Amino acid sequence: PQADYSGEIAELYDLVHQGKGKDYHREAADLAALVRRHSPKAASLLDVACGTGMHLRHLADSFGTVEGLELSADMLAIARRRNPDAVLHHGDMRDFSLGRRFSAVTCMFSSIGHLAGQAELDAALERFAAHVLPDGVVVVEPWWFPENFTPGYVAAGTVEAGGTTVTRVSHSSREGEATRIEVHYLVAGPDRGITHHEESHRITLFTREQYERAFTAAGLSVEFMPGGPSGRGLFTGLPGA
């Protein structure tokens, strides 16, 4: 079933990622510091595929003006409630045009893997370049590479919130040039009983040199740092190559 971050799946996103130990406060701090390394004076940040706008809520404490772009209306609805004073655009990272430039353009937690093929990767990175200030920095957190992805990987966790128990379990396979991650949820609580939910995605296993080539074609210089927020590293790009 779903591949579009919507309905109950969208409502469950923050809770399950908090449950899994994702620390958006620490990630934002680190992002902020990294942005300031490359661009001492940095003042504004666009978060592209900002999802439920968690990083944006914390980055607003480091940057004077933040903005987001998100494809999923249901994710976007959450992020707007969380960030009621920022402008958050409903739109596609492949094609957007905001009429303005930012000190940082960020794209976090491997949202970039929802792109297929070099053409789409090149297009996004070109849009990212089209929205970054001449002394700013673009930051893209890749998906795993084909060489380091671990097929067969199972994640399972349970979290409780407000009397509701939520169990999420994922299985990931190598399905050609993408990971297939299939994720099932069981939600249960005394009054609502039990419901079952599912999502399934192809997340593209772009090689390191594929991302590098996307940055380059977009006029950015590209550097890679191993590790990073989720283990997959981080690319940063500076205009002027």
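In this text, residue numbers run from 1 along the sequence as written.
- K41, though modelled here, lacks coordinates in at least a third of the other entries of this protein that were compared and that model residues flanking it.
- When the two stretches 69-77 and 83-91 are set side by side, the higher mean Cα temperature factor goes to 83-91.
- A summary of the deposited B-factors shows that, of 39-47 and 22-30, the stretch with the larger mean C-alpha value is 39-47.
- Comparing the listed residues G152, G163, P142, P146, the entry records the largest Cα B-factor for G163.
- When the modelled residues of the chain are ordered by their C-alpha B factor, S103 lands in the middle third.
- Among the modelled residues of its chain, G219 has a C-alpha B-factor that falls in the highest third, as given in the PDB entry.
- For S111, the recorded CA B-factor ranks within the lowest third of the chain. Only modelled residues enter the ranking.
- In the deposited entry, the Cα temperature factor of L205 sits in the bottom third of values across the chain's modelled residues.
- The PDB entry assigns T52 a C-alpha temperature factor belonging to the middle third of its chain's modelled residues.
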